[PDB]
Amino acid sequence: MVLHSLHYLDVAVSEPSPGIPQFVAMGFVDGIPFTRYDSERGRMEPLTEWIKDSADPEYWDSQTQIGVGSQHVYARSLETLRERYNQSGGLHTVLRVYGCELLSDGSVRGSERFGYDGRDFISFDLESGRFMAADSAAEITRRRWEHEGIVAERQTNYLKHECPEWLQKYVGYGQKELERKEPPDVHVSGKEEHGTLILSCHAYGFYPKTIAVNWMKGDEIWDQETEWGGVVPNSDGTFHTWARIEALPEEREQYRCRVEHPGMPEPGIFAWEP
């Protein structure tokens, strides 16, 4: 089971537009954003108090250099693929997710995945240990990267050794924030329109992201008729979600919502209270 995760999302665009710099690299610990580089500011900077108070100057400085290097590599990568796919100019995007997970058995998973204009380009995983090309333009990259095993050795040492060592440092630094449990505030709402009552069970303000939200109809579970929203983010670092159902107005009182969360003394039960 995954216990902790360190990952970075890189977004590089060929054409800056409002609210999209040329390059942004963001770091997450257990999903929580904690560090950021962008081509406007030109510096790695802390997004949490805990990494600010635990980091030193050389931490920010050393990562600035890689962010600057990555920015320039992506500019070159964007021109390479445009020329390779003989594409139109204008807006193109290279995305990269990479990082590691620490499992309950003490073991490490890691990977690096790149995307181009919304599809798989090339990917790497510690399980298989070789670059996978999604199409024939990526095959050219795969061949160059596999030469003398050089890039696969750097990726492996980073994802298998450096990444989990730094994850363990950050888990310490962030222990308080990471460990906390705020339970949901649950409410059921009811729009009784078109002859057809719609019933929504909303869980507000919960951390972490794991939650069970299930509609009941008498003694039955009602998934067949249930629709769930995503588990989506609040501005304050907590989560929101909802399970919905359609009911006849007459039978509205047969239905109740069950919600379990780690911050819960016990599983809770909720109904429409007009």
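Numbers for residues come from their place in the sequence shown, where the first is 1.
- Between 218-226 and 47-55, the higher mean Cα B-factor belongs to 218-226.
- Stretches compared: 93-101, 166-174. Higher mean C-alpha B-factor in the entry: 166-174.
- As recorded in the entry, 211 carries the highest CA temperature factor of 211, 29, 232, 68.
- If you compare the C-alpha temperature factors of 129, 115, 149, 195 in the entry, 195 comes out highest.
- Sorting the modelled residues of the chain by their CA temperature factor places residue 191 in the highest third.
- Placement of the Cα temperature factor of residue 21 within the chain: lowest third of the modelled residues, per the deposited record.
- Split the chain's modelled residues into thirds by C-alpha temperature factor. Residue 237 is in the middle one.
- Ranked by Cα temperature factor within the chain, residue 79 sits in the middle third according to the deposited record.
- The PDB entry assigns residue 109 a C-alpha temperature factor belonging to the middle third of its chain's modelled residues.
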